[PDB]
Amino acid sequence: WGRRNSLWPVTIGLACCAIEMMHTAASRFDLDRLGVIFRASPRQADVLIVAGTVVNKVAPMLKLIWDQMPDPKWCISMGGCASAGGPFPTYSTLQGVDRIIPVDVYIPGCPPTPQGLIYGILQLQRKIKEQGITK
Amino acid sequence: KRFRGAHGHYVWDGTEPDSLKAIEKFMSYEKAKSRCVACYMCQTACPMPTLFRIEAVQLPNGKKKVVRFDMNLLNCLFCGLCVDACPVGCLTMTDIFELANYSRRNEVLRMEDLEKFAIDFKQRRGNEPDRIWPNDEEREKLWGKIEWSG
Amino acid sequence: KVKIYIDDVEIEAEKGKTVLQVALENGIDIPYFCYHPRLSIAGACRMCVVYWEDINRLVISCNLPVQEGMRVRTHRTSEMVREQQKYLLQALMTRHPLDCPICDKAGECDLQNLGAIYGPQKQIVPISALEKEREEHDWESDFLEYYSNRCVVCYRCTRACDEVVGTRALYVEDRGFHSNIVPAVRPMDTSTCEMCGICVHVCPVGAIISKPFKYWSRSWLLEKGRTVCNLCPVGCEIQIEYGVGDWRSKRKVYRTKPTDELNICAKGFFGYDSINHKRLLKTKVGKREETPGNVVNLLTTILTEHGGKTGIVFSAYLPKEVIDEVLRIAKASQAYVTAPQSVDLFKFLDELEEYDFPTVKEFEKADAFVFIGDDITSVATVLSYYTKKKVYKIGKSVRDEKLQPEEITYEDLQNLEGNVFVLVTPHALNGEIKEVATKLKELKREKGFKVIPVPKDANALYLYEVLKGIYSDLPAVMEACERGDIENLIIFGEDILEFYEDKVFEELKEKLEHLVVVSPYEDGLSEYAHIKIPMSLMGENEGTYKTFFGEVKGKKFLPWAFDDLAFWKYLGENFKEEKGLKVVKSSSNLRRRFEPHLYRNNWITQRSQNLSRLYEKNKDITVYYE
Amino acid sequence: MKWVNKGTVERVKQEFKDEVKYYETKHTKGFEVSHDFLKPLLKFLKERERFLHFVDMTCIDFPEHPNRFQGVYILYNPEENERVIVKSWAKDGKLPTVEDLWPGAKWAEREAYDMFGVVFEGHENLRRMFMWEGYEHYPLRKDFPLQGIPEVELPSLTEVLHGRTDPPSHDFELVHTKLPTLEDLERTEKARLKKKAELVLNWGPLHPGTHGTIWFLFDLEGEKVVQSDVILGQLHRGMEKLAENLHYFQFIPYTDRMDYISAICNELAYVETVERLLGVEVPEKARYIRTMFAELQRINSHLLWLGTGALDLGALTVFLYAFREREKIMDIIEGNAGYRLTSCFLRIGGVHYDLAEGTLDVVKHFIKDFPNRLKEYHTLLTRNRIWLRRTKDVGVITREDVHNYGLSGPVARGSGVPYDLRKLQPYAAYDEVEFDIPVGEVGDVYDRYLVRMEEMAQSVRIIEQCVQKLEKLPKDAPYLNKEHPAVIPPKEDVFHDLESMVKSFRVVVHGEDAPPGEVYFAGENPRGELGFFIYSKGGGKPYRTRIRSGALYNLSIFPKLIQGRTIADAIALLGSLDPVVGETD
Ligand code: SF4
Ligand code: SF4
Ligand code: SF4
Ligand code: SF4
Ligand code: SF4
Ligand code: SF4
Ligand code: SF4
Ligand code: FES
């Protein structure tokens, strides 16, 4: 329920979904009680949180940040833009980050509320808690 | 109360608007099931119609029956334009927001789901008044005791 | 020819036109309901009010002829006109139901459009959605449904039924606020009504609904295209409404509509479903799909090495371009060429030796009409909408009775006088073909009448023009197949099934070395084929037809279409020099197996689920007027 | 805000006799000039007629015309408060450069070349603005599809990792637009600035700074910046092209996602523009609800700029307080609009809903406290003077740069220019409400910080006036102009009568019946003048909707300020210009 197993994610703020990310980190919601350290350097991070829409111009740059992370890693696509392309079916928008980087949790919303982002993280933890529990 | 959360389909429970009751004679519906008459106003008003999938048929008795209603929330703006376009009081936005999941498939609502969401939303906050926030204790941490008035 | 003013804007208008006509031509939108360019003026809806400055009075523009220097004002500059538009639209909405969510007219409704643009914008006369009633009677029909509360009683249907189609099947049931439209005879499906759908199309609202289209879609979710209807030789231009398979609608034809010229019959209005029925859209060998290139090689071998033992049976439902390419290939293969119309039509035209084929527009010049043969209204229906002069008759008369035809004898034709149009149907002369043709040939030379042959199949007259002198007799070709003189048959369509029953082709599949069937359907004659080749239907090709409305060229827009013409032209690239032909003739008399009917005139309308219901109800009825 | 005065029009006609043609629209006044005389007219309008302030420039695509591209220019006379619009056709796909007249127009020319393909002879290394070097299309062209050209199969890797090969959603398109490579990004970087110094500092495309998506390029000599450029496009999604495919009312939610920090402000600018084109009056109750909520967003937006500005220099204690106050504003907006950030509160004709019960009591509880908390941030910041000296002398913007670069919002006011559209070109209710326009004297980073601070105070005074006005209105007063045909009525009306239902169906199926014509209107958004230039050929969908970003022009002056300075001042400079990746379309 409450695990000392810490998670070190890198928040990739690209659009509006990033503003809601800051509100979750602030004094109103306490995302620390869940063991989220939030390191800023991608070299020492294991969870890639894509918060915002990914433009085709940013796709090669984002993929590089992913391959540059240690192998025990997960990825959370916050909002529909990073999940499936969101409300932008246009010539310059990448329809979902899972097309260039596997994602483990999709958080719907435009943008999701701070609690929705928290529930989404618990879901990632739920997965990991029983990912090392089967085999 | 005005939160624009996961969509829902209000059900046939007796509290339908005059517009729907006026066309009930043309519909093939079941008590406690979706009110939708497949008018396509929600999807037509929506700037992202591709996320919807609505299908209706004409039964051999002449009545109309809705056979499919799916929504893909990952391409939704949560803008509320569709609810504005519903002329029968069927489409609605609930308070449901804990929908993060592991696959694009879990973010696709079928009709059966839209009904369950609305039924639950009406069951828990149907008679709740339209207030700026519904609970003052959860807000007291940040605001404190507010001097309300009539 | 005349200068007028609409909101102080000078506009030139041809004398004889109305203010409403002129305004619409110039893009000045004036709301209107009862005016229809094809019907007589009614002046009943009053929605077209304009302020006539010259007389300081509100006047209806649909009835106002243009006069030199007249000055009118529309809602653009007149509050009086604006107030009456709001009142008139509010009046119509008083008992109009809140049916838009399920009404088939939503999106293309005159009341919904005008009511939202010029209406009251709010409810002024407070009527509950639950009290939106008007007197009503069941039309007792499986195809049409009347919603009297949606009716904005405008009398377009009554006028169209009486002035255009002429069936006189509707009447206005009791006067006043509750005036409601009722069929003169119920059940409607077997009454004088010809189920042409014109009432559905002229209705400005969803009062008259097409049951086959009800609730299946929404008007704004369909694609639209216009082309030539090939279900008979008239050549009407109709609009096909279809879906593609995306979020809006299924990949099929949903309904069809006439243009504002109201040229359409039941076959054209309810037969759209024949386009969706068991289509053959890919080349196949046996039951296995095969690439067109491989089929082209098979045919190239058949005609190159065995053309002199190959017979080609044309279809009159083929456009000129395909007929010509196939005929050119035949002449390069030394094959036999025929068409089922060689049984009756070609024998008649050979004796008549010269005929007339004027356009429908030229029908105005006739003083009288003589119908010889079948029921013209059942063969080329829309023609019955233009034969408004005196009508004489020799032959079968069922739906033609609406024209009050006078029966006569061939001996009486000698005494008619002045620009007589003789419309003769060769498929209904049974053994008197040569005799009748000989008689009409005398009449055309001595008295100068116009002898117009009315084929029952769309491009049969062009087939005759391109096959005269070289066609083989259909029975002779079949007889040659039994003898073994013809080893391969390329049959186009199912025109042949009007003379031979299915079993014959079940046996021919065994006897022939190659039985090639070119059809649009996976069922029927194509089931017995060795090689199946798709044949295009209306809206799937750019082919021209020699019809009563002229030489009309269709449009290709249905996305699942098989490129019929491209296939044949590709095959033709393998045939350059003309080699010749073989002709077989025979005196055996083949009798037609079935008489055409208003709701079933060919193998295409036969595959329409809608028309089949109408046909089953009316097949035995022979008297509709007396 | 009037357009060209009769006097300057004649002096322009007497000088360009058969080369210009004066014209008027329901909402714009301007000129049509021959190609070879475009620049002489502009230089005349700016130098000899005082239209020094550059507003915007773009192009319209008319494939049915031989020239096919009409250049559109909009200038402003601050001395007389007038606007002018100048149009001209492109000769063989070219146009004259105007960057020597208005340096700020350089980026507008870059945007046009990337969206339409128009080259500006003499642009000084014209490169695409948003797309990468080598893109093969011009998306704003009418024959280019909105979804681009799908060419590559790009399955969902998460679905492939689980064997599920079937499409995961009924709207999942496997074919995708071609994706660039890291090498493709390198060419746009090198093709941007021509080597001038020792090292090529590269702060992007993605960097851990405050405005992480903004890409910068510095030419350094040790620690000094000689040359400098910016590369945007890290958030370009085709807004202007999405509008061409939507009805007017359908674009409101897309305006929230431009400057996501102040959504209600974006909606007000857009809606106020469309309401001019359609000629829609807004009832009083809605005008005060718009004005009040637009000001609550300005406070909310400045708090973010202040919180993120404080976060840039440590002192995270200010970030927590700033966001503590933002959470209060969001509790009011979310309770009334229904969403925390992308409100989608305004509607064409008024507001979505009336105020939620008890909403005025919460605002009063906020207006009483917020004044005291503003005094905390003033002294909690100036407490540490280690940074106070780091701003009182750098980044000075002269009034010449305000007009030459087209600056607006706090950036222009901090330099002395009292350019505030809430007063110069009133909208919603800023005429019936009394407030003051803060203006600086030095024009440095500090003056812009102080300008934004009093704007929050001035906004509290505006909200206070909107509260007393709303209390005096019966809750019976309308918040929607239901009598206009282009205004979609609330569902409650449609559930009740047919007279309302037919309006909903008409607008939703066909769109509003917009008349032909053109309109240019702008709103005083927290970061500057948010302009909307709409061109209508008639119908439910606009032919072209050009969005003039006030923040975009505020960033165009960045290379001028950091030049000849130290790179350490880049963090404080960028923060004092308050840019947003979202307003770069
Ligand atoms: S999901 Fe919505 S809020 Fe998040 S970046 Fe995309 S459009 Fe903006
Ligand atoms: S608008 Fe309402 S009734 Fe119409 S299709 Fe959507 S949910 Fe169903
Ligand atoms: S909330 Fe907006 S984007 Fe989502 S389905 Fe409804 S109208 Fe479409
Ligand atoms: S007739 Fe027109 S206004 Fe009446 S319900 Fe049907 S679509 Fe609506
Ligand atoms: S559909 Fe045609 S024939 Fe039948 S009643 Fe109407 S107008 Fe007459
Ligand atoms: S049924 Fe249609 S066409 Fe006939 S009167 Fe009524 S509204 Fe007019
Ligand atoms: S008359 Fe002939 S051409 Fe005209 S619609 Fe009927 S079948 Fe088609
Ligand atoms: S249109 Fe003139 S009265 Fe009906």
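Taken in order, these protein sequences are the chains called P, V, G and S. When we follow full-length UniProt numbering, the leftmost residue of the first sequence carries the number 20, and every step to the right adds one. When we follow full-length UniProt numbering, the leftmost residue of the second sequence carries the number 52, and every step to the right adds one. When we follow full-length UniProt numbering, the leftmost residue of the third sequence carries the number 4, and every step to the right adds one. When we follow full-length UniProt numbering, the leftmost residue of the fourth sequence carries the number 1, and every step to the right adds one. Each residue gets a CB set at the ideal place from its N, CA and C atoms; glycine is no exception.
Rounded straight-line distance, which links the Cα of residue j to that of residue i
{"i": "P516/S", "j": "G538/S", "result": "4 Å"}
{"i": "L346/S", "j": "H352/S", "result": "6 Å"}
{"i": "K82/V", "j": "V134/V", "result": "22 Å"}
{"i": "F168/V", "j": "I147/V", "result": "8 Å"}
{"i": "residue 14/P", "j": "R145/P", "result": "What the structure shows of chain P is the stretch from 20 to 154, and residue 14/P is not part of that stretch, so it cannot be assessed."}
{"i": "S336/G", "j": "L614/G", "result": "40 Å"}
{"i": "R52/P", "j": "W27/P", "result": "14 Å"}
{"i": "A108/S", "j": "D56/S", "result": "7 Å"}
{"i": "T398/S", "j": "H137/S", "result": "39 Å"}
{"i": "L470/G", "j": "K20/G", "result": "47 Å"}
{"i": "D102/G", "j": "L498/S", "result": "8 Å"}
{"i": "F366/G", "j": "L617/G", "result": "30 Å"}
Closer than 9 Å at the beta carbon, the chain S residues around residue i
{"i": "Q114/P", "result": "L154, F172, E173, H176, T177"}
Interface flag, residue i vs chain G, CB-CB below 7 Å
{"i": "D447/S", "result": "no"}
{"i": "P78/S", "result": "no"}
{"i": "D146/V", "result": "no"}
{"i": "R347/S", "result": "no"}
{"i": "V509/S", "result": "yes"}
Within-7 Å CB hit, residue i to chain S
{"i": "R118/P", "result": "yes"}
{"i": "residue 664/G", "result": "Any question about residue 664/G goes unanswered here, given that chain G covers just 4 to 629."}
Neighbour flag for residue i against chain P, beta carbons, 7 Å
{"i": "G233/S", "result": "yes"}
{"i": "residue 598/S", "result": "With chain S running from 1 to 585 in the structure shown, residue 598/S is simply not present."}
Where residue i meets chain G, residues with beta-carbon distance less than 9 Å
{"i": "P485/S", "result": "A119, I120, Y121, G122, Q124"}
Test: residue i CB closer than 7 Å to a CB of chain V
{"i": "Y218/G", "result": "yes"}
{"i": "residue 678/G", "result": "Residue 678/G lies beyond the range of chain G shown here (4 to 629); nothing can be said about it."}
{"i": "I211/G", "result": "no"}
{"i": "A356/S", "result": "yes"}
Proximal chain S residues relative to residue i, where beta-carbon distance stays under 7 Å
{"i": "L101/G", "result": "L498, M501"}
{"i": "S200/V", "result": "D361"}
Neighbouring residues, chain P, relative to residue i (Cβ below 9 Å)
{"i": "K541/S", "result": "Near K541/S there are no residues of chain P at all, since even the closest Cβ is about 16 Å away, more than 9 Å."}
Extent of the continuous beta strand (DSSP E) run through residue i
{"i": "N525/S", "result": "517-525"}
{"i": "residue 637/G", "result": "There is simply no residue 637/G to check, as chain G begins at 4 and stops at 629 in what is shown."}
Chain-ordered neighbours of residue i on chain B, where CB pairs are closer than 9 Å
{"i": "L246/S", "result": "No chain B appears in this structure, whose protein chains are P, V, G and S."}
Contacts of residue i in chain G (Cβ-Cβ under 7 Å)
{"i": "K482/S", "result": "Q124, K125"}
Where the alpha helix (DSSP H) containing residue i begins and where it ends
{"i": "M453/S", "result": "445-471"}
{"i": "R53/V", "result": "No alpha helix (DSSP H) holds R53/V; DSSP gives it neither H nor E."}
Chain-ordered neighbours of residue i on chain V, where CB pairs are closer than 7 Å
{"i": "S611/G", "result": "Here the premise fails: no neighbours, minimum Cβ distance about 17 Å."}
Amino acids of chain S, ordered along the chain, whose beta-carbon sits closer than 8 Å to that of residue i
{"i": "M50/G", "result": "Those do not exist, as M50/G stays about 15 Å from chain S at its closest Cβ, beyond 8 Å."}
Under 8 Å, with one C-beta from each stretch per pair, do the stretch 522-538 of chain G and the stretch 333-351 of chain G reach the 3-pair mark? no
Using 8 Å as the threshold, is the stretch 444-457 of chain S in touch with the stretch 405-416 of chain S, meaning 3 or more CB pairs across them? yes
Would you call the stretch 355-369 of chain G in contact with the stretch 475-482 of chain G, where contact means no fewer than 3 C-beta pairs closer than 8 Å? no
Tell me, please, whether the stretch 36-47 of chain G touches the stretch 156-166 of chain G by the rule of three or more beta-carbon pairs shorter than 8 Å. yes
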